[PDB]
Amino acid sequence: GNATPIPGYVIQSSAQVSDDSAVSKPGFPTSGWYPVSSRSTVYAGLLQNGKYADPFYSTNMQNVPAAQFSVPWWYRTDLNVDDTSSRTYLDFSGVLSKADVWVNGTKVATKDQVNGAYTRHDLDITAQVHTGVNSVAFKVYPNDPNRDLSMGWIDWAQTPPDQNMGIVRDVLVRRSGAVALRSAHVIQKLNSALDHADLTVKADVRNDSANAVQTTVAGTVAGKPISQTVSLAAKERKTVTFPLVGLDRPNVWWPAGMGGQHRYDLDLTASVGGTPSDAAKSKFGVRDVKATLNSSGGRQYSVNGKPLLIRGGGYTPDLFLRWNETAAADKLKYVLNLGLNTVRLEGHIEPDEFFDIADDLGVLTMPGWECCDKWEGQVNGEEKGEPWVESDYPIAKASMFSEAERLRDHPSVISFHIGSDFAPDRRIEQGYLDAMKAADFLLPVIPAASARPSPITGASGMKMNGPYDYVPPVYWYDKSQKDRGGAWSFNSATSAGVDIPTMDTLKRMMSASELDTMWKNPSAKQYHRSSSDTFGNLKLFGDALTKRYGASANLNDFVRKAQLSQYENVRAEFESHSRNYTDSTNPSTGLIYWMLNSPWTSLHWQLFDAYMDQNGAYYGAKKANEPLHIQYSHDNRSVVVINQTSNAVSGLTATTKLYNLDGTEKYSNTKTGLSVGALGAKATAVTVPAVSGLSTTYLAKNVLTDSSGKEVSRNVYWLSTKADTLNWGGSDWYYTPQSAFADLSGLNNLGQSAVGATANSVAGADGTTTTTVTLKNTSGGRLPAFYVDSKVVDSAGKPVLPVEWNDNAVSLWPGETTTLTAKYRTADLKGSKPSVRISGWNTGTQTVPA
């Protein structure tokens, strides 16, 4: 029942190996080979050893000769085997693109068989293994994402020099007796009342010995004993189906905030002759999911009978697929700190632990295949990936089986996208549906993330109409343009493009002169944006920032304006979709922000950056997604309350006030006694009238207080008397140009205010520190302290990351106080005492001890 991952390898180019058979012979010399940990691409392995500078900085990645990655590389290891009484297997996936496998001088599998990143291989190497020092070697072939059913980077970033060739998951060494236990899973079915489930346990047993056997498969499912005995001819595999097991009052798995995240255990041993032969432990969640088309044709998800608006971002791993379990948990925890409920994985489907963590945290996941490369090559015409040939078909089907087998018992998984872009043709789709059936993968299948239908499954109920680059806030509120990206249907991949990270991140990824060019000439190409010509520069963003904000006087000016613009836009993108969710006609049913994060240090399509720092786009998404929320509609000036939580709320007061930039209140409305339903329902407080005498740029302060008088949401907008308007006729696929621009340049002259800071920290016994900061607007006039950003820093003024704040980027009127809370690992302080750096738009910068 042993399954031990290979901890590491030594790697080298096949340019250095003239005899393949030699590598896997015990004693083969490996002087000058590179030691690498498990889950390394070739280039990630070279970085581990020195060998090139940090690709996260400037154009370092360009200085890597890529030619060396157009030939195979070897991954080699020794294995000590004390006792050959047990059978021996190599069980693995994640080979990019394909490999020959060698044990002790014998080629056990070729690249024609071991082919495709997602395919699983269970290689019986019993005949090759001997007592003592054994050796195993993979000759990994070059990866081309357009030719191979693998992973590529579309236009998200820049191309890794090795194109991710390597082994990016574990290779397991399995030991067992005559009988191998495989593919153990639990089919679970809950009644609609959610108080009774039925469990069908299924498990494969394979007799790899020379003789016929009886095997008993026995153990526990959800704490209940189970046992079946079957016969197996030599070399026979069987699927064992256990009689149905009833489960009363199951601990139902819920998305975060809707209840708990319990997973049950399955524990099984296959015995032969009254002796354990193999063993497997796994988990499953008791949870119903559905994804159906509503009367408007939009894809509508529900979990456990509760419909949900999907509010998420597109998730990506590291550009060089460097794996770290804590980092993965840190990234999914940020999902919840944002108030989001879902992540989409367009290809790049992460190792199991990622899904264990999403399960444990209650983050929903939307895995599927990616566009714009080999996956869609047979259906995507003149776009990138190659037409399919006969050998492609069984690789794609085996990839689907293997992913379906991996993914089926994770309750976070809410669907599989079998297409992205183009939906599969009938033959490809049929192979996917067959693979999923064979794996008992029973979750919703979505044909595409675009509007494109598949022949069998049908309409997607989703859209990808853009945009991916600058559009003003009001754009998201559009319902009139059926070929655009307004708040209706399921928005599976959309953003307003550029997302300048914090100054602290900027200074780590770009040179002074690259940064100088970024503010002075946004039209210039930026390596840390995209390899795509369409998204190669920041021109649309820079032009709108100038038009709407005012010209940038320096780098600092440009960055600070970038943050307001990103906060404003991302906030509107999300708020519009929350509002329109309960529309009678063409409701919004989903929004996946493009993207949650970036594969590397970037200037676009991120909420949190590669270092886990949090900028305007982050805080804006967090503001929009708070559980009891007040917001202002850019289209019609309606003030709207959203309740994200699982219970209806009552006796809410919504208070809306307009101020000129000199602090003069120009409008007040107090709406008491509001009720709002659960799980995304809304209430309208008031429609703000056109008010006379407003400054060109003015402020709207929205405050929601519960029946106890507690302030539960504060939302401040910087607004203009001059409207953003669209030139809909100038629209391209990725954006819509503006015919006129809001004037928010009044912010440039907003008078100075003051804060107002005290902080203290508590090192907990769970290895985390909580820093509490109390901020007060301490000025003696009428001016608000506007957009005040607090950052946990060490003694050198460097941000402590990752971090989670309850609230941030706050605005306080004179006399007003707010208390803020930041949590992080004590160890990420690295022995420094904590301080807090506090910067406001109109309050300057100070740091206080904590």
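Position 1 is the first residue in the sequence shown; the rest follow in order.
A.B. asks: With respect to the recorded C-alpha B factors, which stretch has the higher mean value, 129-137 or 348-356?
C.D. replies: Per the deposited B-factors, the answer is 129-137.
A.B. asks: Can you tell me which stretch has the higher mean Cα B-factor, 779-787 or 41-49?
C.D. replies: Mean B over CA atoms: larger for 779-787.
A.B. asks: Kindly indicate the residue among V213, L719, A398, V471 with the greatest C-alpha B-factor in the PDB record.
C.D. replies: Across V213, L719, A398, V471, the entry lists the biggest C-alpha B-factor for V213.
A.B. asks: Out of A562, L704, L694, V168, which residue has the highest Cα temperature factor in the PDB record?
C.D. replies: Of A562, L704, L694, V168, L694 has the highest C-alpha B-factor.
A.B. asks: Ranking every modelled residue in this chain by its Cα temperature factor as given in the entry, which third contains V803?
C.D. replies: As the PDB entry reports it, the C-alpha B-factor of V803 lands in the lowest third of its chain.
A.B. asks: Going by what the PDB entry lists, where does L674 fall on CA B-factor within its chain: lowest, middle or highest third?
C.D. replies: Answer is highest: the recorded C-alpha B-factor places it there.
A.B. asks: Would you mind ranking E429 by its C-alpha B-factor against the rest of the chain and naming the third, lowest, middle or highest?
C.D. replies: Within its chain, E429 is a middle-third residue by C-alpha B-factor, going by the deposited values.
A.B. asks: Based on the entry's values, in what third of the chain does the Cα temperature factor of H410 lie: lowest, middle or highest?
C.D. replies: It falls in the bottom third of the chain.
A.B. asks: Please rank the C-alpha B-factors of the chain's modelled residues and tell me whether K710 sits in the lowest, middle or highest third.
C.D. replies: Tercile = highest for this residue's CA B-factor.
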